[PDB]
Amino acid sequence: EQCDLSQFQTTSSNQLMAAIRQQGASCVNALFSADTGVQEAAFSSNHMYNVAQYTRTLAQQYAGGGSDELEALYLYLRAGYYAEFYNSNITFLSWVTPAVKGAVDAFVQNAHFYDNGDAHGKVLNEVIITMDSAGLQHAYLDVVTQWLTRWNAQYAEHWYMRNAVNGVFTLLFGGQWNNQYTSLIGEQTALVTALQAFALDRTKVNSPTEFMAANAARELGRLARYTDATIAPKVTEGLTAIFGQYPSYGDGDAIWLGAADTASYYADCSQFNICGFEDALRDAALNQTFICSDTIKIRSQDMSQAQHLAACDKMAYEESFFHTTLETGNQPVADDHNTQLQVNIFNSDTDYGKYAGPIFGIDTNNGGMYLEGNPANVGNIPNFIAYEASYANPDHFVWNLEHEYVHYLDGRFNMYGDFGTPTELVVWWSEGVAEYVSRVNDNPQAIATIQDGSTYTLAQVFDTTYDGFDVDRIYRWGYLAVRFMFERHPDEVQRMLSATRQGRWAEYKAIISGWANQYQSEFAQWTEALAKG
């Protein structure tokens, strides 16, 4: 009825398996992040060996139709490899993995391994993933080649099958760190053939399985690093077919770009005559143009006129609001000619993740990005990149439109030099001022993070970095610190800005470290008031 995580904290392998088969896969989930007393008990090397041997003989008895118990057993096992990797108190002995390989082999060798079906796919998913969690990528290239070859439109009807068989591409990815795999991958001509045919199947384009077509292309592009291996011609031949059959922009461009991403990195674009595809891609994808003013230009994939106007008018509103809140006098920092901004807006986060990478050379694991360029360079035009979203602000519906735009303003009027210039951490200020100016006092998550019991001090906020991308610490606590300082110490803010507007990062760090000593009392009190009313 309910998950009893304590039942897994035992020395009895029998009782551990009773907990797995009774509590089911949804409760085994808790073992991934359980207290290390739970993990150390539940993932002893004996436990893994005994659970593996019972899993193996149970899987020999499998008769199709899915299996809640095998689903939970392979989940438990791969949860162990997760626990071994992240918990230092857990090391598996030499004889654990060959038992796990025996359990996995029993499912692979069973007559029902290539069955179609939702329930069967749910257990198959755990098996495919365990092949990866457990460092066995070198042992099952034959299964990858088989799934690529058998996959058809009937298997594709089932979410869980798509989800399970998509795992073989993660197996090819993870084998990079497996020496038996790298010592072996170079002779797998059957696999390369199958990756090619799978990717090149046009019926996948605009289907629910187009992402699998794209993952096949991406992992084939990885194989182009093995420049002298026996597969090199068929990898190359197959990548050239992908590049020739699908467009760089349009229906199926996910497959073209998947291959281009990895083949460009691990090889050379000139091997495939795709060098410099990024320019034509930029024109095709951001094919609209809309001039707000002589200082702001939008390039967009697909916006209505009503959106363009709303975005232009919203940026003009935020501009004058920025300059009075920051007391700039409309005077830029020295050596900054960034008078003109270019705004680049894709139709969705999906498109952004496909196109902004190759076009602007950024990482897209985020909600937008600002690129200052070199402000001292005459003619430099900075860019920010964003995407439309239904949760974005009307009437423009561009996610983070005002956030990224405050980055442009902040970089030109508060922060001397280009983006890398500072020699001290400014993450809290850049993201804080961008959140505070665009949202003012409307930030329910920043309020939320005060009430949940976990808070940060001023000292801790100021030393925040982008490492790990702690969105809560970066943007919400960046927001609170900037807001607090503006409400209760706008004099002090101008002194800090006097340093950053001139690039005195040592004096700036000196200023804010003072704040973190004195005002910690004020701040702690001031944030509790926000949690009150």
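Residue numbers run from 1 along the displayed sequence.
Checklist entry - What stretch has the higher average Cα B-factor here, 78 to 86 or 218 to 226? => result Taking the mean C-alpha B-factor of 78 to 86 and of 218 to 226, the larger value falls to 78 to 86.
Checklist entry - Comparing 395 to 403 with 242 to 250, where is the mean C-alpha B-factor higher? => result On average, C-alpha B-factors are higher across 242 to 250.
Checklist entry - Highest Cα B-factor in the deposition, which of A42, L58, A52, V471? => result So the option with the highest C-alpha B-factor is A42.
Checklist entry - Out of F277, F169, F211, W428, which shows the largest CA B-factor listed in the entry? => result Answer, based on the entry's C-alpha B-factors: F277.
Item to check | Ranked C-alpha temperature factor of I447 among modelled chain residues, by third | outcome: It falls in the top third of the chain.
Next on the checklist: Ranking every modelled residue in this chain by its Cα temperature factor as given in the entry, which third contains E187?
Outcome noted: Middle third, going by the recorded CA B-factors of the chain.
Checklist entry - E318: which third of its chain by C-alpha temperature factor? => result According to the entry, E318 has a C-alpha B-factor in the chain's highest third.
Next on the checklist: Split into thirds by Cα B-factor across the chain's modelled residues, where does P490 land: lowest, middle or highest?
Outcome noted: CA B-factor rank for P490: highest third.
Item to check | Lowest, middle or highest third - CA B-factor, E71 | outcome: According to the entry, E71 has a C-alpha B-factor in the chain's middle third.
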